[PDB]
Structure formats: structure tokens, C-alpha cells
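# Results of the structural survey
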Amino acid sequence: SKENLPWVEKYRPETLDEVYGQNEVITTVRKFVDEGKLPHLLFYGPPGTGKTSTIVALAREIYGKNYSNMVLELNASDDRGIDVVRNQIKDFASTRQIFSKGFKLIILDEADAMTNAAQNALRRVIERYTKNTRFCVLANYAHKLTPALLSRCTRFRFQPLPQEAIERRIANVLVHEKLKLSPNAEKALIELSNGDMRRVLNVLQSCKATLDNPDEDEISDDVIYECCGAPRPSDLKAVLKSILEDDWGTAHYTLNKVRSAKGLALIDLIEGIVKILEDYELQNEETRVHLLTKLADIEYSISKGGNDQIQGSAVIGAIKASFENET
Amino acid sequence: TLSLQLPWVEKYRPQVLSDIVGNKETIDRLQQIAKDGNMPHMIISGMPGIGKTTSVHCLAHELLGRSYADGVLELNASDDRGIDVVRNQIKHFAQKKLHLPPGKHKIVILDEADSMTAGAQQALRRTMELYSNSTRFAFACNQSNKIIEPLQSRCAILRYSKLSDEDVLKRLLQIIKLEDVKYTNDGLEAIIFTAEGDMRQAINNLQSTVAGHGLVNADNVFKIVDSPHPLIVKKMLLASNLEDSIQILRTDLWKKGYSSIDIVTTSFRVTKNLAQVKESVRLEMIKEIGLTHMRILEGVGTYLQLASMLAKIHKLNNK
Amino acid sequence: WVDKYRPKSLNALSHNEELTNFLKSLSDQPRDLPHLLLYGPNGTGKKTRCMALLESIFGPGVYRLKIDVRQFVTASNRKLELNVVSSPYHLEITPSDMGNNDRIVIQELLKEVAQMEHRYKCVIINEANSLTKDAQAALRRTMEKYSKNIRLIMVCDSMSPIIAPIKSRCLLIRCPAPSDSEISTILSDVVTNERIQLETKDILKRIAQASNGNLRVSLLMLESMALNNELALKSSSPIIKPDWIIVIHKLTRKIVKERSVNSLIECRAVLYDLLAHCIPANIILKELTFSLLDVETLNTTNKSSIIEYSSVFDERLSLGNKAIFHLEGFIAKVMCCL
Amino acid sequence: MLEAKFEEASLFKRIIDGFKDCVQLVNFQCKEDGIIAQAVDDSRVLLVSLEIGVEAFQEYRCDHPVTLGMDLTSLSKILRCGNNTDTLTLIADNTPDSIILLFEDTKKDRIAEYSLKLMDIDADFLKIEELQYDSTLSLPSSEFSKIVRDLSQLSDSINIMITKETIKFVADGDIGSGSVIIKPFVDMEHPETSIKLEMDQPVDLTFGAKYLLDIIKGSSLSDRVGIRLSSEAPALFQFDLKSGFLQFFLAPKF
Amino acid sequence: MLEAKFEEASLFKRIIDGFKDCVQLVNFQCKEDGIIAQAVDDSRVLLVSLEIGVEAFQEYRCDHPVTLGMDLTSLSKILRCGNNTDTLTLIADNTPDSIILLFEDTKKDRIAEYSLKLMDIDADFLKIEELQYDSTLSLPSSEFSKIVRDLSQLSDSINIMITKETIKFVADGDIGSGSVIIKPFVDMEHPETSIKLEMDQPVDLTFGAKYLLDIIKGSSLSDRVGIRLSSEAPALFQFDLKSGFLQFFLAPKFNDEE
Amino acid sequence: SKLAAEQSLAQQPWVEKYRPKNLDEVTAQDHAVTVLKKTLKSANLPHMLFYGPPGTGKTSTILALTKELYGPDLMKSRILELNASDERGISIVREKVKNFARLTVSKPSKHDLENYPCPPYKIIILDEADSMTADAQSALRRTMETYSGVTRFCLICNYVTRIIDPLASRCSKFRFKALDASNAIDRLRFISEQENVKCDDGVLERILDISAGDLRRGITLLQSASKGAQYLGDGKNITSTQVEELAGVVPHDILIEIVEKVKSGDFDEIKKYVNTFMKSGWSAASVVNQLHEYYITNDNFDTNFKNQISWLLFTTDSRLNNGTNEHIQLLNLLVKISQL
DNA sequence: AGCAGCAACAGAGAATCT
DNA sequence: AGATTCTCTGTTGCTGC
Ligand SMILES: Nc1ncnc2c1ncn2[C@@H]1O[C@H](COP(=O)(O)OP(=O)(O)OP(O)(O)=S)[C@@H](O)[C@H]1O
Ligand SMILES: Nc1ncnc2c1ncn2[C@@H]1O[C@H](COP(=O)(O)OP(=O)(O)OP(O)(O)=S)[C@@H](O)[C@H]1O
Ligand SMILES: Nc1ncnc2c1ncn2[C@@H]1O[C@H](COP(=O)(O)OP(=O)(O)OP(O)(O)=S)[C@@H](O)[C@H]1O
Ligand SMILES: Nc1ncnc2c1ncn2[C@@H]1O[C@H](COP(=O)(O)OP(=O)(O)O)[C@@H](O)[C@H]1O
Ligand SMILES: [Mg+2]
Ligand SMILES: [Mg+2]
Ligand SMILES: [Mg+2]
């Protein structure tokens, strides 16, 4: 049953009308398929944007419910070498369908992990067998693909999910589940997503589990922040104010009590302070240079461990010394 | 839907050497060779999508006439091209008896010659030397340095260059006339700008824009085929003030879904190939772009690292 | 000799009485014993104290040990060859005898010893600082999965390269270097047992002042200078210094005397000759910097820059593999500073 | 539940030999009228389809169909314990995580029993067989194997061409070309050697030699092989069993 | 001196086939009552021990024992010249640097003679056989080979369990588990197919499948195999010869010990 | 059977003796165990990614969850645990992990369904995912994306940055918080009472203060203090000084001597005192941490001095976190802070 | 200090011929 | 029925990226 799959897998789009966020590419692909001229596609974009769902729904709309048989889907989990290409992909492209009549579809998902020799062998397979089969390459990084292979396909960039589409999907999930969500809670949820539907679905399931109730109540900002462990804008701005204006010992005490009262992480506070200070209209860019350099150094040091108190004091001192040049 | 139509790159693929709008010198050279005969061993190098495979295909077709089926041996990178293949099949084809006109020869086309192993390339030397009177070799590669010098010593070297704006514009105008498409000057200009000397990519973008919107206009081309990635990165690095570069990185690159690895790597390429600033400042910018890369390869790839890289580059440019 | 007079039990220790009492406390109940990590200066006597603690956890047969050999296969049939020190109650492995293949030996050998098993068999990991981060990560879960059959006693000189999970997974025991007085008392018993002739006792103190807490170096230097004075130490017996220390001192003299590229070439040559004779580059850098700071011709401004450059290039050497590439850079930076 | 006892473990071993190598995953389904199994190779050009009726077994009981998927390699690894003459019983509950293979000798003596781990495969049996094919022919399977083994050496493609009273196999590659021409004929001295051909329309199809080579294995299950060709669908090569058949559907090269 | 003539070179070739692969060095010793040989693998979990009495030979003369060590691989390389029906004579002086293998056909015609270089091995023959084992069983060796070949595919460990009137071989690994259960029985229609079992105490030991696979080779020397198991010592698998025997002693896995 | 397990636990060190067996034993990581308890009644366990400081209880939490889910019978049949002591290349991830994921779930027994929920999926956990290469990690993407109906993936790591972005997006991120005195004093007091650890008033809270968010190190220090107090047999209570002595903490007077040498003194005196201090074995990380606490906490230094001392201590800790020589780094730090 | 892709060599199994 | 030869598969080593 579908009630056992996680929310990321349960709510996977099955038709092209359930893929939100991407409109300019979805309409163009629908027109390509209706008019017949479907070229070799290259879906490039960040994780969680809906490239795999888009191509799966496309193959479903093209071949019907028997998609799992008329399409050759290869990914990084499967062995994709040059010999694998030579045998499997060439035998698939050269032959025809065993279930119906029509062009074939080869979905090379996550093809950014393929060997250079494999791409060099495939770039002539795409150019030779082009009247009976098509190629779809999904990628997160366009630098791992050879320029020859990159030039044979039409590139579609999957933009991050905007506010309207992600709110539409959230409303769809809140309709499918016996769940209510606060408006400010929804805004905070959209803020900690960066256009990643996977994160939204995961944390929505997690905060529904956090409710502890038969779901007669609502999900507020407190639930989201306590479940995702993300700092609140209130505590963020309080720490920033105490760092910018208050005394050194008082700033240290404030940072300690804020990061220990809710168990917040220093890296999340660093990213939040970076995001907040990005809107600050500042004087001569030397302060911004020092701030960015020191904050990136502290983040790279945190990414390897160390003393949290020493790193917090380093953040405080870096912000203070950076702002001391603004006078 | 039941079947698709042939793409314009394959449908309008040139079949005669006159239809090629590539490098005029080498094109007339190959045309005179096909007219007179006595085709020598050749290695055609260049960049993807400029008319290298089509050129050698047209040359072989025009030179062999109807005997193309039994006189031309095509081997691509999709087929096994190791030492065993060169030893058995290529040698059997070169030793094969075939009655040809007194001006033609058997042609062995080897696509993607830069991918053949060292053993096969070494074995091909005497293979092409002992049968150089009834078998000729034509290599098509992108990097001539990947082919050993002994093989390059026995053949001509044809280096294909990028296609100027005029040639791609003329070819696109011919395709539009042959297809009856509604277009405009700014749309074709945007297409050629996003092509970057790539004729195949230009025709592909044109066909995609036609099948997606019908009218080839700059707005449609820009909304379907995003502007060149390296140009926005160059404009970001060449910014004079830190806030302008930060806003460019935020809106154009980060808010549109470009990964940090692509941004930093495109950034490295732009710098390496930069010519506006001096050598020392370019080396310092490349050095800074490197630490950000090392930190991103270690999994610390975020917007703060790119912001710090830009800040360090500006500090270097800050005398 | 160092080996002829060495304690074999906890009651035979003659310095750090608080550490001996802590070891006796830890060995009172031996079955509920967690993993241990002995850290401190090199030459303090932690490897003797670990064996003395094993002598309290088990019978006196812990010292009757044997050397065996075990072969391993990496991806290549290359048979990594590793010798093992084994005892009927414990075993000792030194992953510092190979390159980046520490993880394979660690995981395979420890899994074999843990699957075969007072009730547990002790494991002594010698020189845990040379353990690569991947080998330490592999040992991280092996320390916890098999805690009723395998107990680790890791001997190291500095917990700086040891990862935080391993640090947390074992008790930490510090071994401070013995005071000059205890070293002098030990040397007194040694010279009365080895029948050495001392005109004045204070020379022994000077030996301590020349060893910097190292007992292994102290006894060896005492015996080396006892052979030059023919078993009769006088009031002004010269101090026997190792050859590499003299080479480093001459290198610092050359550094402070001449600062040029022509001298940088011979400095690189001296560094090559030192590295080719089984001398680590970190110790070379440490001794070079410490003896350069002792140069009275320089001032505080020079010494501060010297120590900063030495820290920077020590980080470089800990992050690099071509040690001379960092040593020559540090030497050039010091030349530019002076 | 699954409860199927083969008189001779050998029959099952030869059947599996047919799926062997050319496919990795097989989906079995037992039911009231027997057992069926389907396997498709990765490139999707070959489908191996089996049908064993109730009468092919010495004992068969089914009150509740069971579908089970498995790795063929794992299955064949275990399929060499049959002594050929051993008795083989396939056993599984209604919601299995494994399939039990039980080999026993006549006497109580030796009992080899295996418990093979199953794979979850989305049930999706194909029904691509045609009502009528352009041409139909049968001939001794050993003869078909030789024909395939001959030509295979010359090319990676073997063409089958059918015209009135003529069947022609052709391969053409680097070293040269080859052809095998056979004609329909009834041998009364023993009709298992005859070559029948019913042509409604001349056909001319090309197949990848590597696949025909996989298919010839069926010779070990039947004396004759039936080949049905069409320009509209995958070709069918069929090997009849006593109550059943092993079928190979192969898509022609485009 | 060493002077042992085998009627058929084949017997010696099959005997050496038994040491083959699983051991590298073999130490032979000829004496007044015959020839013995011992070989231990590198991990020391398997000992191969041979005994050939004087009566197994067509001619045997020994007035002075000789001990000689050699590389097994070198020996087998030379052990395919026997034509099986050829006559084989092993020859060596009292202080040998080599061992001479002399193959001759009935008629004076073909004489193939080899001079194999010897290795110096510290003489240290083991005597690990027990007086009584927990359980003893014999069964056709071809049956034992099949049992081992079955289970081997499933795991690197094969367990042998013995209870009253029951012998059970079991393997359990990744793809699943398997077991072969056999019961004692006397077949008068030909007793070489019977399965005997004498159990003084139930036993349950695990062995490394790679080693049992080496051991099954003895089938070529005898119709039956004797298996003696104990919880106190290496298991003994024995293949009888006419006047002699080939024995394999295998240490049970402790949990991980071949 | 069970009694042998009880005795082996009783003869086991306190770290493994008091390992959380149920989801209720988790004292401080409540946000994660609440979701884990809620999904125990449902059947929609998503792919999870535990990350946080070492010793926070990630492995213990996942073990307790798998136990409460499957029972001690299915605990060994529906779990695939891969640690850092095993090979986890592309070959292993493609063969073994994918074969286990593609396999069907084992049939539960009659006693399993009566007491445990027995979900229709199995669990594949990968402990210490920091050592996994990024290509072997990307190989797991579709493996965990397509076979989610039959298996669930649980990644465990300390640095969440070492895991690629797609894997971090596919799994639900669970951040384990540091276990300071506040949220772990209850667990420490429970461990002390269960072992009759007679201590003073401010010992346990001090122990966690030395632990810096690490309950494993705190339990180890408590066990060491209890052993040292039982060996003496005086019947007194453990003191905070006795605890900080064996914890590697430099005494207050020795640190005040360092402060005096830094404040007043030249390069030579500071170098000599550092050479003397390095003779007594102290961890440079602890000395740097104590100096940082003293300098930032003391309200007698200028803010301009405080920014510089914070940056210098940060640089020194970052350099020490790479395996450098403690003596050189400590001397450089003290010299740099003496010039201020 | 992986992998991979490789290619070559050796061993084992199956088939055919005497 | 046994022996020999040929073919196929697997493992190891070397080279290149
Ligand atoms: N545009 C979208 N509309 C609705 N749901 C979406 C959308 N994009 C992602 N999702 C959800 O996120 C899940 C994962 O989507 P995927 O297509 O697998 O992500 P992706 O774009 O392929 O990025 P990868 O796989 O990490 S490279 C889907 O099953 C949906 O539940
Ligand atoms: N000079 C040209 N004139 C007309 N069409 C061209 C020209 N060059 C390329 N094209 C088009 O581009 C398609 C592909 O050209 P190719 O010759 O295959 O590219 P290439 O120069 O060989 O670079 P590769 O194959 O990536 S190494 C042709 O089928 C044409 O449609
Ligand atoms: N939240 C907790 N509640 C109770 N005991 C805990 C808790 N966290 C850790 N412990 C104790 O610390 C021991 C180690 O737990 P682990 O789960 O291995 O720590 P960890 O988070 O895995 O650290 P690693 O493995 O270095 S990342 C457990 O056996 C407990 O005794
Ligand atoms: N308790 C002790 N009393 C006297 N000498 C000792 C004692 N412990 C160790 N020593 C000696 O002091 C020196 C210490 O150096 P070494 O043994 O190498 O240290 P470690 O045990 O840390 O490796 C050796 O000569 C050693 O035998
Ligand atoms: Mg995807
Ligand atoms: Mg080309
Ligand atoms: Mg853990």
C-alpha cells in the first residue's frame, strides 16, 4: 500500500500536471511530445527540483501504463561503463519495441557519475541511432559531462521551486492528510527549504509526528523550529543585536544561553547571521570583505569539528572587528 | 503520439562538400581532393559541432560513389577499437581485394580517434604503412595531442576552427528558407550568441525554439535557452564593486538553481581564459578560486564560500 | 642499559606515585575495564607502565612474548607483510610499519581476534599517531561492537592527530615526564649497580638537564658517556649528543651566518641527507626551530616570525606528504625573515 | 501456496538453463493450471516465457496462486544438486520471503534442501504473442543450433529470409559472408527430422547473433524448434515440453 | 637409501594429487616399514599425512632411512609422465640433494627419468591423532564430495553435526541456507555404499569450506572415507590405500578458523 | 540465555553496560525519539540521516528503534548494519547493498506479530558515513529511491558536510544536540545512583562541563572516579578536584602562571616556561580551551584585545585540529597573544 | 593508496572421437 | 567409457587517468 511509503515517495508526481514550479520547461516538453518533435533532453538542476519525476511522468504520458517495459532507465546504482554502453545501450537503440510500435526512450538518470570513456562512446550512439530512440540525461553538475555530449542535447534548467508552487504542493498535502498549518508556520517552512520539496515533505511528516495529538490542533512555528532544530528569527536577531551593541561578556552569555536553551547549532546561527547581514547597507566594502572571509573560515573550521565555545567566541570577535571598521 | 520526426541537425546534415559552411580553405582542399582523387591519410581536429564528421563523410561519399558500402570501413568510439580489432578486422579490410577506379582508394574512417588506446594506435602504424596504396585512413578527433606523433607523421593535419558569425547566420537563414519559419533579427542574433561557434548547438536551439514557441524571437530564445553561463560569471568577476558582484551571484546564478560546483568551475575557466587584467592578478584570482573549490569538494559548498572567494578576489584587486 | 634495569610490575615503578596509584586503582577490578589511551612526552615510560598494568591484570607470563608474521592482501595480491607481538594474554600491533594500508590490517586483524574470543585479550596499539584517519574511523565502531572480548591500550605521544570519537571511546591517561630529581635517583641506582665511578653526583643532575625529562635518552646518554670515560665519570665529562642533533645545530649556524640561495642549496642538501637516514621531518622541524630560537643574535621580532612560520609549515607538513617541499619552504622563509 | 514436484530434477534444470545467462531476474507464478515464468533482459530485446502444465509434475497442489521473483544466477547456482534423477519439489507459502527447493533420492537417505532468498519484482507479465505470424517453420533444434553456430562467427547479425519453399539464414561481416539454405521436406523414415514451412507472406528479418546464441539452448528441451516471424512483432522461437513450452521472443534489429 | 617401485605410476600420481594445491612443501621419509609424508599448509589448519607400507610396492628396499623435503608444485609438474600404466621408481641416496623419479614402459623403449631438486625442511613430524574421537563415520567418498560441493556454494563454512543415528551437514550464507541429512544404513546389495556411524558423544563442528574442498580429492584413492570428529582436536578425514592411507587433519573453526 | 547476557552486561564497562535499549532511555534527544515513537505505531518510516557531535547517542537511538520495531528475533534478520570497519566502495554499494535492498522482507514468526509492530520493510544502516566516498554515496541514490517500499536507509555521521547534497536531501535530517549539564544531569545522576557513586554536590554537573556535550566521556570519567574512590576505600565522596585531575584539566594555579608569563615576560622566559610546561603531559586542546574561557570570561581586558585573542585561539585550535605538534602551536599561540 | 577498464593467462568443464 | 582438446569464464596484474 502507498500508506507505508514516506511522504517524499508517496507524493511522487505521476502525471505532468502534478509537477509544480517548472512551467516554461513543462509546457515546452508537452508541446514537443504532442507535435512529435522530441529532441534529446538534458535536465540540469539541483537535487529535489523534480527532474526524475518529470521524466517519469513524461514517459508515462508517452507510452502509457506499460512505461516500465518500453523505457531503458539507467542510473548510478547500475553499472554504467563503456562496455555496458556498447552492449546494452546499442542493442536497445538498434532494436525495436517488444510491446508496441514507436520510438524508444533511454533515461540516463544521474549521468554525471559516468566515465569519460562511456560518454565518448555514447556521444556517437546518440548521433547514429536518432530516428528510432531518444536520450534523456539528468544532471546536477554540468561540469562532469563532456562538451561533445553536452552539445548534442537540448538543455533544460530546472529552477528552484518558487513560493507559489511550493505553497500549492503544501496545500495539496494538507488536503491529502488530516493536518492544519499556520500561515506564519508555512512561511517559516518555505524559508528553510531553498526550493527543495524533499526537505519540505520530510519535515512536514516529522512535525505531524511531533504533534502528539489526534491532529485536532494546528502546526505553529514552534513545532517546525523545535522539530527541524532551526533557530528562530527572534533569537537570531537577539544574538546579532547583543553582538553588535552589547558588551563582550554579555554577548558571550547571550550566545551561550541562546544556543543552549533550544540546543541550536553554531553553523545554523552562522548561516542565519550571514543571511541577515546581507541586507545591511554598509560603508566601505572592507568590513564586508573581513566579515565574509572570517565567517567562511569559521564555517570551514566547524565543518571539521573543534571547540564550539572557541568557535562561537571567534564568530563574535570576527563580527565585532569587521564592524569596528564602520565608523 | 506514435512516431517522431528527424531533427534538423540530422535531416539537414550536409551530404555534399559545398553545403558545408565551415573553414573555406580545408573545404576547398577536400573538394579538390575528391575531384582529383588520391586521398591521403588525414587527421581532422577541432571542437565539437563544427563539421568534422560530416566533412569526412561527404569526402568519402563523393570519392567512392556507389562503392561506399564495400569500400568504407566506419569505426566509432561506440565500437571496440582495441589492439585485437586493429590486428584482425582493420588488417583484413586493408588486405581485402576490391576493384576500384584508378583514382580511388579504400577509406577507413575512425571517429573519435582521441579515445583509441596506445597499443591500437601503435599497431595502426605499420597497418597503414604497408597498405598505403589500396587503403587510406581518416581520423576525426577533438584533441590532436591524444594521437601519438608517429601516427601524425604519416598523415596530413587539418585543424578546424570556430565558425564565424556570418557562416552560422547564413546556414540558419538557409534552414529557415527551407523550413518556412517566422523569425526576427534579434532572435537570430540571440541564437548565434548562445551558440558560441557551435553549428550543431545552434541548429538544435533553433529547432527547439521553433517547436516550443513557433516564432524565433530573442525573448523566446532567452526564456527557453538561458544566456551563456560563462558570460554572467565573467560579468560577476569583472564587477567593480562588491555589492554588484554579490547581487549578480545571488540573482543570476544562485536564485536560478546553478550549483556551486558549476559556478566555481565555470569561474576558474573564465579566469584562466581572461585577458582584461594582468597575469599576476589573474593568478591570484585563480588561487582564491581554488581554495573555494577545495572547500566545496570537501562538502562545504555554500553561498558563503563563494562570497568569501569574491571578497578575496576584490581584495586582491584592491591593490 | 635501559633494558637491563626496567620495572616489571606496578610496585617496581619509581616515579609518578600518583600515576602508579591510579593504575593500581584501575587494575583493582580488571574485567569492567574500558579502553585506555596513554598520552604524554616520548620517553616518559608509558610503554613500561602499560605492560606493568597488564602484569597486574594477568599473570607474570605477559612479558614472555613472541614475534609472529601475518600476511594481508589489498586489492593487489601484494601481500602486506606485518609482524605481530603476541602473548598468551595480550597482543601488540604497530600500524606505523606501513603506508596507507593501516585500515586493512586494523579491521581484519581486530575482527579475527574478536571473533575467536581473564576473559578478554588485551590489544596494544603502538604509535597511534601514525594511524590514518580512515583506519581510526574503521576502529571507531570496532571499539564499541566488541567490548567484551577486545580492550584497546593505545600508546601515543600526542592526542593532536587522534580523532575526537576515538578520544571519547577510551579513557585518557596522561604520563608527565619525571622530574630531574627522580631521573637523578634512577641514574644513581643504575651507576651503583653497573659499578660506575662518579667523582661528584651533580653530573647526574646535568644528565637530566640534558634529557628534558626523557629517561630513555637519559640512560642511553649516561651509558654512552660511560664508555668514553672508561667506566669512570669525572667532574667535567662531555655530554654525548646524537649525530642528527649536531647536524641540525650546524644547520642553524649556517642559517644565522649566511642567508642566500647558494646557502639554501646546501641547506636542501643537508635536509636530504637527514631525511634519507630515517629521521622524521616533524622532529627535524621542531629541533631546527627550537635551536634557532636559542640563537642569541636574533631579537624578539625575528623569533616571533620564526615561530609563526614554523607553526604554518608544521601545518603544511601535517597536510602534505613531500616533507622536504615544506622544510625547504620554512628554511627559505626563515632566511627571508633574518 | 507453491507445491510442485518434478519426477526428475533434470527437467527443471534444463528449463532454467534456458533462462541462464541471457536474463538476470525471473518472475514465477504458480496457479491452478500450472506454473508460468517470464524474464526480460536489460536491453528489453528478449523475453523468455515458460509454461508448465499440471500434468508435467508428479504432484502439484495449488489452492492459492503465488508470484515470486528471483535472481536466476542464484537459482542456477543451486540447480546442479538434482543428480538429474533426484526428485525435485518447489515449495513456498502464500506470502514468501524465500523459495524452497527440496531434492530427495528415492530412499530416505540423502535430502538436499535449499532456501533461496526472493527479490520483489513489480508483477507485469507481457502478452506479446500474435494471432498470426507472416511465416512459421519448425526444424530439428540441433540443426537450428548448428545454423546459428555457423553464421555467428561471421557477424553480430544473422538475417533470416523466407520466400515460398525457401528458408535462408545469412551472415556477412569482416572476413566474408556465409549462408545456409534449407528447404521444406517430410521424412517418413522419421518425421522428427522434417522441415516444415508455412508462409503467408515472405519475411526478411535481422537478429543479433548474441541473442540467437542464447536461444539455441532450448535444443536440450525439445527435438524440434518452432520459429514464427513477423514484420509487426518480436519473433517467437518455441521449444515444446510435455505439457508446456519454453518460448523466446526476440525483437528484430531495426 | 630410497628405492621404491610402484607397479603403476598412477597410484603415486593420485596420492600427490591429494597434497596438491592445499600445501606447498612436503616432507617424505622412507624407512624399513615403508614411506611416510607430511605437509602442513601456511595457516597451519590442515595437515596432510601419508603412509604407504612395503606391500604397496612391487619392489622396496631400505637399509637406511632417508628424509627429503620438496616443493609440491615441482613434484606434480613432473607427475604427469606416468602414463598411469608406466612403472615408477623413486630413488635417492642417503644424503640426497635430489630425488630421482624413473618412469619406464614394460619394454626397454621409453625411459623418462627426472632429477628433482630437494628443499631442506626441519624434520618435525606431528603425531596429533587421537585415541578416541567423539564420533566416527564412514560413507562413500563420492557422496561426501557431493555433500561438500553442494554446501560450498552457500558459505565459506560448513557445519557437521552428529546426534544419535543422525549426521547433518549445514551451510548458511548470503543467498540462503542448505543442509544435507544422512542416516546410517547397511546395504547388503553392496556394503561399499553403506553409511556407518558410531557416536560416543554428539558433536557439532564448523570447518572452512575451502579446506573440505581440498580434502574431497581423496575420493580418487578410496571408495569410502572415514571421518573422525572431536571437540578436543582437529578432525580426521581418512582415505585407505592397499597397505596405507592418506589422512587429512583439519582444525575446526573457533568461530573464524578454517 | 538471558542471564548470560545480564552477567556479561554487569561485567561490561559502564559505556556499554548502560547503553540505551529502548527509545525512552534517551534523555536529551527528545525531538527525534518523539518522531521515532510516533512512526512506530504507523508504517511510514522515512530515510533518516543522524548527524551531530560524537557521543550524543545516534547509534544507540537507531539500535533502540530497530529493537522496539523488530524484536530480538527479527533484530538479526531484517537489519543490514555497515560500519566504517568494512569496505564501502562502489563495488560493495552496487552488489551487496543493492542485493539486500532488492530482496524481500523476511517472514515474521507468530510470536513476533503478537508483541511487535513488524513493519513491512527492513532497515539498512550505514554507520560513520563520513568515510564513504562521494561516488559510492551517489550510487546509493536510486538504490534508496526505488526500493523504498521494502527497505529504509539510515545514515549516521558526525559531519553532515561530508555527505553529498542529494543524499542529504533524500533523507530526513536529525540533528543530535550536545549533551551539556542541563539535559544530561538526570541521566548522569541515574548512572551514579545505579552504581552507588558517592560524590559531592557539584561533581556530576562538573563532569559534563568537562565533557563539552559528550555523555560517553562523562560516563567514562564517572567510572574512573568511582574506581579511584573504591580503591581508596575511605568511604568519602568524590570531589570535583579529583575528577578534573584525571580528566586532563590543567590546575587553576598552573594556568594563572601561564597568564602571568604572557602578561609580563619576554620571548625567552615564555619559551622556557613553555618548554617546562610541555614536560608535564597536558593536551594542548584543553590548554587552549581553558585559556579561551579565562580570557573571554575575565572582565578586565579591552574589547580590541578580546577580538584578537578570540581570533588567535580560533586559529590555534584550527591548526591543532590537523595533527600538528602541540609544543610549537602552543608556543606560537602564547607568543602571539603576548605581543598584544 | 579507488576504480576501472583492461587484457591476458590459466583452469575447469563439456563435447567429441577413438 | 575414457581421454584429449577446445572454449569460456574468472582472476590477477598492469597501465592510465
Ligand atoms: N516540482 C515538483 N512538484 C511536486 N513534487 C515535487 C517536485 N519536485 C520534487 N518533488 C517531490 O520530491 C520528490 C523527489 O523528486 P525527484 O525528481 O526525485 O528530485 P530530482 O529533481 O530528480 O533531484 P535528484 O533526484 O536529487 S538529481 C518527488 O517524488 C516529489 O515528491
Ligand atoms: N559547416 C557546417 N555546415 C552545415 N551544418 C553543419 C556544419 N557543421 C556542423 N553542422 C551541423 O552539425 C551536425 C553535426 O556536425 P558534426 O560534424 O557531427 O560535428 P563535429 O564537428 O564532428 O564535432 P563532434 O562530432 O562533436 S567531435 C551536422 O549534421 C550538421 O547539421
Ligand atoms: N542520549 C543518551 N542517553 C543515554 N546514554 C547516552 C546518550 N548518548 C550517549 N549515551 C551513552 O554513550 C554511549 C555511546 O553512544 P553512541 O550512540 O555510540 O554515541 P555516538 O553518537 O554514536 O558517538 P559516535 O559513534 O562517536 S558518532 C551509549 O552506549 C550510552 O552509554
Ligand atoms: N618506574 C620506572 N623506574 C625507573 N625507570 C623506569 C621506570 N619506567 C620506565 N623506566 C625507564 O625509563 C626509560 C623510559 O623510556 P621508555 O621505556 O622508552 O618509555 P615508554 O615506556 O614511554 O616507551 C626507559 O629506560 C625505561 O626502562
Ligand atoms: Mg533523480
Ligand atoms: Mg562527430
Ligand atoms: Mg556511532
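About the cut-offs
Residues numbered from 1 in each chain as written, not as in the entry; some residues may be left out. Chains lettered and ligands numbered in written order. Part of a larger assembly, values for the part shown. Heavy atoms only, no water. Residues with missing side-chain atoms left out of burial classes, pairs and counts. Near = heavy atom within 4 Å. Polar contact = N/O pair within 3.5 Å; in protein donor to acceptor, adjacent residues only side chain to side chain. Helix = DSSP H or I, 4+ residues; strand = E, 2+ residues; numbered from the N terminus. UniProt positions renumbered as here; feature names shortened; annotations may be inferred. Buried < 20%, exposed > 50% of the residue type's maximum accessible area, 1.4 Å probe, protein only. Contact = heavy atoms within 4.5 Å. Axes fitted to C-alpha atoms, helices over the stretch in contact; angles between N-to-C directions. Left-handed = near helix turned anticlockwise from the far one by under 90°. Nonpolar A, V, L, I, M, F, W, Y, C, P; charged D, E, K, R; others polar.

As recorded in the entry header, the structure was determined using cryo-EM to a resolution of 3.2 Å.

Quick look at the site of ligand 4 now. All names here are of chain C. Neighbouring ligand 4 are 14 residues, the closest being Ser-14, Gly-45, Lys-46, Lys-47 and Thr-48. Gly-43 places a polar main-chain atom, nitrogen or oxygen, 3.5 Å from an oxygen atom of ligand 4. Taken together, the elements giving at least two residues each to the shell around ligand 4 come down to α2 (46–57) and α8 (215–228).

Moving on, we get to the UniProt feature "binding site: ATP" in chain C. Residue and element names in this part refer to chain C. UniProt records the feature "binding site: ATP" at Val-2, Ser-14, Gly-40, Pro-41, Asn-42, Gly-43, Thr-44, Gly-45, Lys-46, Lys-47, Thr-48 and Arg-216, using the numbering of this structure. Within the secondary structure, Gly-40 is located in the loop between β1 (36–39) and α2. Using a relative accessible area of 6% as the deciding quantity, one classes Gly-40 as buried. Residues within four places of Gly-40 in sequence aside, it is in contact with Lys-46, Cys-156, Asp-157 and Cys-175. Relative to the helices and strands, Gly-45 is located in the loop between β1 and α2.

Once that is clear, we can look at the packing of helix α14 (residues 267–277) of chain F against helix α17 (residues 326–338) of chain F. Residue and element names in this part refer to chain F. Two elements in contact, α14 and α17, have axes separated by 10 Å at closest approach and are oriented at 145 degrees. Read as a crossing pair, α14 and α17 show a hand that is right-handed. Facing α14, whose interface residues are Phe-267, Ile-270, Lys-271, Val-274, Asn-275 and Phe-277, α17 presents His-327, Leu-330, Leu-331, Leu-334, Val-335 and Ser-338. For the contact of α14 with α17, the per-class residue count stands at eight nonpolar, three polar and one charged.

The next thing to look at is the interface of chain A and chain B. Listed per partner, the contact involves 59 residues of chain A and 65 residues of chain B. Among the elements of the structure, α2 (24–35), α5 (82–94), α6 (116–128), α7 (147–151), β5 (154–157), α14 (266–277) and α15 (286–302) of chain A are those that each provide at least two residues to the side of chain A that touches chain B. With 10 residues, α15 of chain A is the single largest residue contributor to the side of chain A that touches chain B. Here the residues of the side of chain A that touches chain B are counted per class, giving 24 nonpolar, 13 polar and 22 charged.

Residues and elements named next belong to chain D. Positive phi, normally seen in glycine, also occurs at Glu-165, with a value near 50 degrees. Mapped onto the elements of the fold, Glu-165 is located in the loop between β11 (157–163) and β12 (166–172). Take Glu-165: its relative accessible area is 52%, and that puts it in the exposed class.

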